[PDB]
Structures are given as structure tokens and as C-alpha cells.
Amino acid sequence: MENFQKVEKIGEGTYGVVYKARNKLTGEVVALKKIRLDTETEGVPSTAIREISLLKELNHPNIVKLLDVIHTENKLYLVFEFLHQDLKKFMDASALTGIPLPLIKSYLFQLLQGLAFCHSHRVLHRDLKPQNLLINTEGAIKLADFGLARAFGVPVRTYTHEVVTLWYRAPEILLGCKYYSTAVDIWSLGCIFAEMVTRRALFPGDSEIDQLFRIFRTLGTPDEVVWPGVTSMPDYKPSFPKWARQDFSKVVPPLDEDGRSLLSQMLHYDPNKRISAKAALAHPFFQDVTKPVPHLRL
Amino acid sequence: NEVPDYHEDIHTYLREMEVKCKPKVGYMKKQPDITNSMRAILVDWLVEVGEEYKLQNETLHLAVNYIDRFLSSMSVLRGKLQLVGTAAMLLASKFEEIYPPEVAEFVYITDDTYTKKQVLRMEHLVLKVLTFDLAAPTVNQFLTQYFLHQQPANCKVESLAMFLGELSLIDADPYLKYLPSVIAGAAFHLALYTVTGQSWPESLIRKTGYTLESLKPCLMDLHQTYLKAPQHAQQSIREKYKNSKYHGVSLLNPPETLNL
Ligand SMILES: O=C1N=c2ccc3ncsc3c2=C1CNc1ccc(S(=O)(=O)Nc2ccccn2)cc1
């Protein structure tokens with residue numbers, strides 16, 4: 001740990017603080033995930049055990065790489081490849097001018113590839129959101145922070161006490177479904193995809209119920225026909241208002257047909273019919289995808 | 001998950017991973033102070049710990065992997081075999097359970113024969129020796145993949161195949177020499193046969209590349225294990241599977257022959 005020089009804090013954490021560091025011997029810039037450890041009196045954290053373990057198996061150009069794990073006495077450090085900034089910061093800078101559609105496409109494309117890699121390696125990310133996606137100046141975007149990640153060799157039981165972000169949480173999880181599925185991750189990208197297009201958060205709920213209602217208000221309230229089983233789900237209710245589905249050309253106007261097509265399939269209600277990363281990559285929306293570079297402010 | 005898309009990829013992958021995350025077939029021999037029997041007693045105990053804390057069966061299959069793996073390269077004195085086991089369970093829990101039991105709980109279930117400090121240190125030692133590679137393919141996982149190939153699903157065949165696979169965890173004596181995908185194949189057909197006279201389905205032979213013939217050896221072993229099950233020194237697993245949650249399948253009388 002002595003060959004590292006901390007440069008600045010680039011992210012707070014309940015799991016750990018992240019610092020931009022530098023390897024004093026090789027010159028390599030890296031991101032250090034420092035873990036409390038000395039506290040908790042409960043040994044090594046789960047998010048640490050799962051992030052390290054699962055990430056060591058995932059080597060993809062669209063997933064931040066885990067370079068090393070330095071565990072010792074009371075300190076456990078995760079050494080990661082470093083990237084200039086996250087998508088949240090980028091979307092902000094882009095507020096006035098906005099992100100060009102070719103870059104939005106490029107980003108969605110790569111995300112779907114990284115995610116498709118996770119899924120075909122039985123790993124669910126579960127916390128896809130703008131601040132968990134990193135980008136560089138050459139046009140690359142990568143999935144990061146596999147703290148809430150889960151391997152699903154066997155179906156992953158859903159937490160009773162919601163952990164994932166609210167705004168990008170899939171409707172299944174809100175309705176109280178039993179297990180997670182690769183579907184929850186595609187829903188998140190689906191939400192991120194629209195946000196890039198509209199410059200606005202698609203379903204910015206205040207509470208679990210406000211979240212569920214914003215989704216319905218936009219995509220219409222689900223029923224047994226659209227999603228067999230809805231009405232039976234734990235947290236579903238008959239007293240739920242019956243809203244009508246809105247025309248996607250009013251939700252995401254800047255998008256063409258292929259665009260509205262993909263997005264609707266990514267935000268498909270029944271998680272057995274919601275498009276997969278693998279399948280989305282073959283959608284015509286990507287027939288002309290390229291790798292544009294973004295303009296990033298320090 | 002719950003979508004046919006990656007199911008094939010995932011299978012192919014777990015197959016590769018089981019070869020990598022697999023232990024040393026004959027590590028027990030080179031282990032100066034411990035024997036299969038001590039292990040069988042240890043795994044059985046873990047089975048009870050699992051019940052006591054209502055942990056998943058996956059959490060049990062994993063811990064077993066962590067232990068066998070650890071013992072494959074670390075000499076352990078009988079006096080510590082349980083400390084190893086406890087930590088392995090602790091880790092499997094942190095990895096697989098939604099929320100694992102507190103360390104205090106693992107120190108407790110050991111009759112304080114070990115310190116909370118000891119548990120935590122053994123945890124680090126296991127993590128270091130296992131080099132953090134905890135996501136190991138289990139027999140329990142492969143059954144899950146095979147279950148999709150039922151026609152239709154028979155929740156009794158499953159509980160039985162689970163019972164048989166959970167029984168293999170106990171006797172390293174003949175089982176460390178079979179890959180989880182194999183033990184699972186054995187456990188599946190044997191269960192499918194007992195409950196519905198059906199055999200290893202063609203869909204599976206194609207998906208796994210395993211023929212009924214190729215599973216014969218493990219099969220013979222498992223069938224034999226299924227038979228003597230009532231007279232085994234360890235019974236925690238049988239007591240677990242007579243419950244109505246698993247449809248008391250541990251009570252189903254095994255066939256006398258398999259006609260293979
Ligand atoms: O570069 C990184 N590698 C990481 C590997 C794992 C991981 N888990 C959680 S965050 C993370 C990793 C990072 C973080 N990179 C990053 C770099 C710059 C920004 S930012 O400039 O958009 N925002 C900032 C910058 C300084 C202080 C607070 N927020 C955000 C994330």
C-alpha cells in the first residue's frame with residue numbers, strides 16, 4: 001500500500017471511500033476503494049466479498065477492472081482502473097447543449113455489452129444508475145460498483161428492505177416479487193437511456209408508491225393481460241389507479257422509431273418478456289452505431 | 001435470469017468454473033491429522049447450523065466448497081477443523097444470504113470453543129487461501145438448471161434430487177471424485193426415476209453432453225448412498241428432508257435396482 005499516493009477523493013461511500021491514487025513505481029493512475037474493516041467487528045463486509053469475488057471473474061472492456069486487492073491487519077483496499085468521470089456529472093455538463101444521439105447510442109451500446117457480459121456470467125449488477133457508470137475521453141463507458149451485485153447460479157431472493165436506487169428500480173421489485181432477474185438491470189438502463197435523450201429523469205419518485213405511480217402514469221397501469229400475475233403480486237392493489245399508456249413520442253420525442261422501439265422493450269412490464277441485453281444488441285437501432293468521443297470538462 | 005437467453009451461456013460457464021473452483025481429489029490422504037469421518041461429522045454439523053438459522057441450501061454447498069478447497073492446501077489439526085468450518089460457513093453466508101447471521105452467532109453455535117477474534121481471523125485466512133474466489137458452482141446450482149428441463153415440473157422429484165445431492169456433501173469418501181455437474185446429473189435422474197419412472201431426459205443429454213451411461217459410476221455410488229442412508233452415522237440431512245417442506249422425500253423407499 002506504500003507504493004500508492006492518494007490524489008483526491010472521487011466518491012463517498014457507506015461501503016467505502018474512493019480515492020484517485022497513483023502508483024509511485026509505475027506511474028499508473030488508479031482508483032482505491034478503502035474499506036473500514038477495523039469497525040463493524042463483523043469481519044470483511046459482504047459488498048466487499050461479493051464485489052471482489054464477482055469482479056475477478058468479469059474481464060470486459062466495458063466493466064471497470066479490479067487490479068488488485070490489498071488486505072492486511074485492519075485495512076482492506078481494492079485497487080481499480082480509474083476513469084475521468086461518471087455519467088451523472090456528464091449529463092449535467094450536457095444540460096444546456098445535451099448529449100448527441102450518436103454518443104447516446106454508442107453509450108447504450110457499450111453498456112448493453114458490458115451488462116450482457118455480466119448476465120451470461122450469472123452476475124446481476126442490481127444498481128445501475130448514472131453515478132455508477134464511468135466514462136473517459138475516448139468514448140468509453142463502463143459499469144462500475146459491483147457492491148450490490150449478486151451471482152445468480154440460483155435465483156437471488158429479493159431484499160425485504162429495499163437497497164437499490166429508487167428512480168431506476170424495476171416495477172417487479174416495487175410490486176414485491178420474490179426473486180430478481182436479469183430484467184431488473186435492463187429496466188435501469190432503459191431509464192438511463194431515456195434520461196440521456198430527454199435530459200430529464202424518467203421516473204423520479206419521492207417514495208416507493210410515488211415511484212410505482214409515475215411508472216404507471218407513463219406506461220399505463222399494468223393488468224393481467226399485459227402482465228399475467230400483476231394483480232396477484234404481494235404489493236399490488238386493486239385500489240391502484242387505472243392510468244392509460246402514453247405515446248412514446250411524447251415521452252422521448254428526440255428518438256426515432258428504432259429508438260422508441262428499443263426503449264419500450266427495455267421498459268416492458270412483465271420481466272419475462274422484457275428484452276435482454278443480448279437481444280437488444282441486435283436491435284436495428286444499433287445498425288449504424290459508432291464510437292464518438294465526448295467533450296469532457298476537467 | 002428467468003429468461004432463456006443466457007441459460008445456455010451460464011451453463012457452459014458454470015461447467016468451466018466447476019473445474020477451476022474444484023478441490024484436490026485426494027487431499028484427505030495428505031492431511032496428517034484429519035479424516036473423512038471427521039469431515040462427515042463436520043459437514044453434518046453445518047447442515048444443522050443451516051437449519052438452526054434458516055439458511056439456504058446454496059449457503060451449505062458453498063461452505064463445503066470453501067472447506068474442501070482450504071484443506072486441499074492447508075494442514076489442519078482436528079482441534080481447528082471446526083474453526084475452519086465455522087468461518088467457511090460465515091463466508092458462504094456473507095456471500096449468499098440476504099443478511100448473514102452475526103459473528104456472535106457463529107461463535108455461539110460452537111459452544112464458545114472459539115473466540116469471536118478467532119472466527120474473524122480464520123475468515124481472513126480462508127479468504128487469503130481461497131484468494132477471494134468464493135463464487136463456486138454447486139451441485140445445487142446445476143440441479144436448478146436441469147429443473148427447467150422437466151416435463152412438467154414435479155416439486156417432489158426436485159426435493160428428492162436436492163436430498164441426494166445434499167447427501168453427497170457428507171461423504172468425501174467417494175464423492176470428491178465427481179464434478180458437481182456430474183453429482184447433480186446422478187441426483188436428478190435417480191430422483192426422476194424413483195418418483196416417476198422417468199430417466200435422464202434427452203434434452204439434458206444434449207445440454208450436458210452426459211449420457212445416462214456416462215453418469216453410471218457416480219450414479220451407482222449415489223444409489224448405494226441413498227440405500228444405506230438410514231444406517232449412516234450422520235442423519236441431520238435425512239431428518240431435514242422428511243419435513244413437509246421437502247415433501248418427506250427422505251422417506252421414499254429407493255429402487256432396489258436401476259437396470260442400467
Ligand atoms: O475511476 C473509478 N474506478 C472505480 C472502480 C470501482 C468503483 N466503485 C464505486 S466508484 C468506483 C470507481 C471510480 C470512480 N470514478 C469517478 C471519477 C470522477 C467522478 S466525477 O468527477 O464525476 N465526480 C466527483 C469527483 C470528485 C469528488 C466527488 N465526485 C465520479 C466517479
# chains A, B, ... in the order shown; residues from 1 in each chain; ligands from 1
>>> closest_atom_pairs(of="chain A", to="chain B", cutoff="9 Å", atoms="only C-alpha atoms", output="JSON lines")
{"residue": "A:41", "atom": "CA", "partner": "B:103", "partner_atom": "CA", "distance": 8.1}
{"residue": "A:42", "atom": "CA", "partner": "B:103", "partner_atom": "CA", "distance": 5.8}
{"residue": "A:43", "atom": "CA", "partner": "B:120", "partner_atom": "CA", "distance": 5.5}
{"residue": "A:44", "atom": "CA", "partner": "B:124", "partner_atom": "CA", "distance": 7.8}
{"residue": "A:45", "atom": "CA", "partner": "B:94", "partner_atom": "CA", "distance": 7.6}
{"residue": "A:46", "atom": "CA", "partner": "B:94", "partner_atom": "CA", "distance": 5.1}
{"residue": "A:47", "atom": "CA", "partner": "B:95", "partner_atom": "CA", "distance": 8.4}
{"residue": "A:49", "atom": "CA", "partner": "B:95", "partner_atom": "CA", "distance": 6.7}
{"residue": "A:50", "atom": "CA", "partner": "B:95", "partner_atom": "CA", "distance": 6.1}
{"residue": "A:52", "atom": "CA", "partner": "B:132", "partner_atom": "CA", "distance": 6.9}
{"residue": "A:53", "atom": "CA", "partner": "B:133", "partner_atom": "CA", "distance": 5.2}
{"residue": "A:54", "atom": "CA", "partner": "B:135", "partner_atom": "CA", "distance": 6.8}
{"residue": "A:56", "atom": "CA", "partner": "B:133", "partner_atom": "CA", "distance": 7.7}
{"residue": "A:57", "atom": "CA", "partner": "B:133", "partner_atom": "CA", "distance": 8.6}
{"residue": "A:71", "atom": "CA", "partner": "B:128", "partner_atom": "CA", "distance": 8.5}
{"residue": "A:72", "atom": "CA", "partner": "B:124", "partner_atom": "CA", "distance": 8.9}
{"residue": "A:116", "atom": "CA", "partner": "B:6", "partner_atom": "CA", "distance": 8.7}
{"residue": "A:119", "atom": "CA", "partner": "B:6", "partner_atom": "CA", "distance": 6.8}
{"residue": "A:120", "atom": "CA", "partner": "B:6", "partner_atom": "CA", "distance": 5.0}
{"residue": "A:121", "atom": "CA", "partner": "B:10", "partner_atom": "CA", "distance": 5.6}
{"residue": "A:122", "atom": "CA", "partner": "B:10", "partner_atom": "CA", "distance": 5.9}
{"residue": "A:124", "atom": "CA", "partner": "B:1", "partner_atom": "CA", "distance": 8.8}
{"residue": "A:150", "atom": "CA", "partner": "B:96", "partner_atom": "CA", "distance": 8.3}
{"residue": "A:151", "atom": "CA", "partner": "B:135", "partner_atom": "CA", "distance": 7.2}
{"residue": "A:152", "atom": "CA", "partner": "B:1", "partner_atom": "CA", "distance": 7.5}
{"residue": "A:153", "atom": "CA", "partner": "B:141", "partner_atom": "CA", "distance": 5.4}
{"residue": "A:154", "atom": "CA", "partner": "B:141", "partner_atom": "CA", "distance": 5.6}
{"residue": "A:155", "atom": "CA", "partner": "B:1", "partner_atom": "CA", "distance": 7.5}
{"residue": "A:156", "atom": "CA", "partner": "B:96", "partner_atom": "CA", "distance": 8.6}
{"residue": "A:157", "atom": "CA", "partner": "B:98", "partner_atom": "CA", "distance": 7.3}
{"residue": "A:158", "atom": "CA", "partner": "B:98", "partner_atom": "CA", "distance": 7.9}
{"residue": "A:159", "atom": "CA", "partner": "B:98", "partner_atom": "CA", "distance": 6.5}
{"residue": "A:180", "atom": "CA", "partner": "B:1", "partner_atom": "CA", "distance": 8.0}
{"residue": "A:181", "atom": "CA", "partner": "B:1", "partner_atom": "CA", "distance": 4.7}
{"residue": "A:182", "atom": "CA", "partner": "B:1", "partner_atom": "CA", "distance": 5.1}
{"residue": "A:183", "atom": "CA", "partner": "B:1", "partner_atom": "CA", "distance": 7.4}
{"residue": "A:271", "atom": "CA", "partner": "B:2", "partner_atom": "CA", "distance": 8.1}
{"residue": "A:272", "atom": "CA", "partner": "B:3", "partner_atom": "CA", "distance": 5.8}
{"residue": "A:273", "atom": "CA", "partner": "B:3", "partner_atom": "CA", "distance": 7.9}
{"residue": "A:274", "atom": "CA", "partner": "B:3", "partner_atom": "CA", "distance": 8.9}
{"residue": "A:276", "atom": "CA", "partner": "B:5", "partner_atom": "CA", "distance": 7.2}
{"residue": "A:278", "atom": "CA", "partner": "B:5", "partner_atom": "CA", "distance": 7.4}
{"residue": "A:279", "atom": "CA", "partner": "B:5", "partner_atom": "CA", "distance": 8.1}
>>> residues_around(residues="residue 212 of chain B", least_positions_apart="4", cutoff="10 Å", atoms="only C-alpha atoms", output="MDAnalysis selection string")
chainID B and resid 185:186 189 199:202 204:205 216 219 260
>>> residues_around(residues="residue 17 of chain A", least_positions_apart="4", cutoff="6 Å", atoms="only C-alpha atoms", output="PyMOL selection string")
chain A and resi 12-13+33-34
>>> write_last_selection(atoms="N, CA and C atoms", output="PDB file, in the first residue's frame")
ATOM      1  N   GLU A  12     -17.810   9.313  -2.210  1.00  0.00           N
ATOM      2  CA  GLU A  12     -18.105   8.923  -0.839  1.00  0.00           C
ATOM      3  C   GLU A  12     -18.674   7.499  -0.870  1.00  0.00           C
ATOM      4  N   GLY A  13     -18.798   6.877   0.293  1.00  0.00           N
ATOM      5  CA  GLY A  13     -19.331   5.532   0.316  1.00  0.00           C
ATOM      6  C   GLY A  13     -19.655   5.018   1.700  1.00  0.00           C
ATOM      7  N   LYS A  33     -10.409   1.749  -3.409  1.00  0.00           N
ATOM      8  CA  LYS A  33     -11.630   1.574  -2.632  1.00  0.00           C
ATOM      9  C   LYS A  33     -11.109   1.119  -1.271  1.00  0.00           C
ATOM     10  N   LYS A  34     -11.171   1.999  -0.278  1.00  0.00           N
ATOM     11  CA  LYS A  34     -10.696   1.663   1.058  1.00  0.00           C
ATOM     12  C   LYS A  34     -11.877   1.197   1.884  1.00  0.00           C
TER      13      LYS A  34
END
>>> residues_around(residues="residue 168 of chain B", least_positions_apart="4", cutoff="9 Å", atoms="only C-alpha atoms", output="tab-separated table (two decimals) with N, CA, C and O atoms, in the first residue's frame")
chain	number	residue	atom	x	y	z
B	163	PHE	N	-32.16	-33.70	-1.92
B	163	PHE	CA	-31.83	-34.59	-0.81
B	163	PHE	C	-30.58	-35.42	-1.14
B	163	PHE	O	-29.65	-35.49	-0.34
B	164	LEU	N	-30.58	-36.04	-2.31
B	164	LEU	CA	-29.45	-36.86	-2.72
B	164	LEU	C	-28.15	-36.04	-2.89
B	164	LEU	O	-27.07	-36.47	-2.47
B	172	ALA	N	-16.99	-37.58	1.72
B	172	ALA	CA	-15.94	-37.25	0.78
B	172	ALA	C	-15.44	-38.56	0.21
B	172	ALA	O	-15.05	-38.63	-0.96
B	174	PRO	N	-16.35	-41.11	-1.37
B	174	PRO	CA	-16.47	-41.50	-2.78
B	174	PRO	C	-16.79	-40.28	-3.67
B	174	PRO	O	-16.55	-40.32	-4.88
B	175	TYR	N	-17.28	-39.20	-3.06
B	175	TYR	CA	-17.72	-38.02	-3.82
B	175	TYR	C	-16.79	-36.93	-4.29
B	175	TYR	O	-17.09	-36.27	-5.30
B	176	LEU	N	-15.66	-36.72	-3.61
B	176	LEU	CA	-14.75	-35.69	-4.08
B	176	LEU	C	-14.27	-36.00	-5.49
B	176	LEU	O	-13.72	-35.13	-6.16
B	183	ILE	N	-22.46	-35.09	-10.15
B	183	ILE	CA	-23.23	-35.49	-8.99
B	183	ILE	C	-24.68	-35.06	-9.20
B	183	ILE	O	-25.61	-35.82	-8.93
B	222	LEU	N	-24.18	-43.02	-5.81
B	222	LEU	CA	-25.28	-42.29	-5.19
B	222	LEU	C	-26.42	-43.22	-4.78
B	222	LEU	O	-26.92	-43.15	-3.65
B	225	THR	N	-25.59	-44.86	-1.84
B	225	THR	CA	-25.60	-43.95	-0.71
B	225	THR	C	-27.03	-43.73	-0.26
B	225	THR	O	-27.31	-43.61	0.93
>>> residues_around(residues="residue 281 of chain A", least_positions_apart="4", cutoff="10 Å", atoms="only C-alpha atoms", output="PyMOL selection string")
chain A and resi 108-113+116+262+275-277+285-287
>>> residues_near_ligand(ligand="ligand 1", cutoff="10 Å", atoms="only C-alpha atoms and all ligand atoms", output="MDAnalysis selection string")
chainID A and resid 8:13 15:21 29:33 51 55 63:67 78:92 130:136 142:147 296:298
>>> write_last_selection(atoms="C-alpha atoms", output="PDB file, in the first residue's frame")
ATOM      1  CA  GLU A   8      -8.136  13.338  -4.327  1.00  0.00           C
ATOM      2  CA  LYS A   9     -11.407  11.875  -3.068  1.00  0.00           C
ATOM      3  CA  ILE A  10     -13.590  10.900  -6.024  1.00  0.00           C
ATOM      4  CA  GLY A  11     -16.565   9.358  -4.274  1.00  0.00           C
ATOM      5  CA  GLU A  12     -18.105   8.923  -0.839  1.00  0.00           C
ATOM      6  CA  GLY A  13     -19.331   5.532   0.316  1.00  0.00           C
ATOM      7  CA  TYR A  15     -19.204   0.578   1.831  1.00  0.00           C
ATOM      8  CA  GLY A  16     -16.033   2.603   1.435  1.00  0.00           C
ATOM      9  CA  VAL A  17     -14.396   5.858   0.344  1.00  0.00           C
ATOM     10  CA  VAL A  18     -12.881   6.011  -3.150  1.00  0.00           C
ATOM     11  CA  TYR A  19      -9.662   7.885  -3.902  1.00  0.00           C
ATOM     12  CA  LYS A  20      -7.857   8.656  -7.122  1.00  0.00           C
ATOM     13  CA  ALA A  21      -4.352   7.390  -6.426  1.00  0.00           C
ATOM     14  CA  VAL A  29      -3.316   6.133 -12.129  1.00  0.00           C
ATOM     15  CA  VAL A  30      -5.749   4.032 -10.175  1.00  0.00           C
ATOM     16  CA  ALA A  31      -8.923   4.239  -8.041  1.00  0.00           C
ATOM     17  CA  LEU A  32      -8.621   2.962  -4.475  1.00  0.00           C
ATOM     18  CA  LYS A  33     -11.630   1.574  -2.632  1.00  0.00           C
ATOM     19  CA  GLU A  51     -17.537  -7.171  -5.401  1.00  0.00           C
ATOM     20  CA  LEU A  55     -15.381  -8.783 -10.378  1.00  0.00           C
ATOM     21  CA  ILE A  63     -16.589  -3.160 -16.860  1.00  0.00           C
ATOM     22  CA  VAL A  64     -14.105  -1.322 -14.667  1.00  0.00           C
ATOM     23  CA  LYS A  65     -11.256  -3.715 -13.874  1.00  0.00           C
ATOM     24  CA  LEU A  66     -10.244  -4.788 -10.388  1.00  0.00           C
ATOM     25  CA  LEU A  67      -6.449  -4.527 -10.453  1.00  0.00           C
ATOM     26  CA  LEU A  78      -9.483  -2.597  -3.568  1.00  0.00           C
ATOM     27  CA  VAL A  79      -7.354  -1.294  -6.444  1.00  0.00           C
ATOM     28  CA  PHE A  80      -9.357  -0.406  -9.569  1.00  0.00           C
ATOM     29  CA  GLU A  81      -8.658   1.003 -13.016  1.00  0.00           C
ATOM     30  CA  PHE A  82      -9.502   4.748 -12.988  1.00  0.00           C
ATOM     31  CA  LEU A  83     -11.773   6.853 -15.247  1.00  0.00           C
ATOM     32  CA  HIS A  84     -12.106  10.651 -15.551  1.00  0.00           C
ATOM     33  CA  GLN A  85     -15.764  10.999 -14.562  1.00  0.00           C
ATOM     34  CA  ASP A  86     -19.210   9.427 -14.129  1.00  0.00           C
ATOM     35  CA  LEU A  87     -22.302   9.816 -16.349  1.00  0.00           C
ATOM     36  CA  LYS A  88     -24.154  11.842 -13.749  1.00  0.00           C
ATOM     37  CA  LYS A  89     -21.554  14.602 -13.950  1.00  0.00           C
ATOM     38  CA  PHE A  90     -21.508  14.337 -17.741  1.00  0.00           C
ATOM     39  CA  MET A  91     -25.292  14.548 -18.119  1.00  0.00           C
ATOM     40  CA  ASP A  92     -25.083  17.706 -16.018  1.00  0.00           C
ATOM     41  CA  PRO A 130     -25.698   7.355 -13.821  1.00  0.00           C
ATOM     42  CA  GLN A 131     -23.202   7.733 -10.981  1.00  0.00           C
ATOM     43  CA  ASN A 132     -22.261   4.045 -11.219  1.00  0.00           C
ATOM     44  CA  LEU A 133     -21.351   4.354 -14.915  1.00  0.00           C
ATOM     45  CA  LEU A 134     -17.900   5.722 -15.772  1.00  0.00           C
ATOM     46  CA  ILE A 135     -16.611   7.368 -18.939  1.00  0.00           C
ATOM     47  CA  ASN A 136     -13.299   8.509 -20.424  1.00  0.00           C
ATOM     48  CA  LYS A 142     -18.093   1.214 -18.082  1.00  0.00           C
ATOM     49  CA  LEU A 143     -20.243  -0.472 -15.459  1.00  0.00           C
ATOM     50  CA  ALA A 144     -18.790   0.152 -12.023  1.00  0.00           C
ATOM     51  CA  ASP A 145     -19.511  -0.510  -8.361  1.00  0.00           C
ATOM     52  CA  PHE A 146     -20.465  -4.157  -8.046  1.00  0.00           C
ATOM     53  CA  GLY A 147     -21.210  -3.787  -4.341  1.00  0.00           C
ATOM     54  CA  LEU A 296     -15.437  16.456 -21.022  1.00  0.00           C
ATOM     55  CA  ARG A 297     -14.661  19.397 -18.732  1.00  0.00           C
ATOM     56  CA  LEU A 298     -11.878  18.650 -16.241  1.00  0.00           C
TER      57      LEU A 298
END
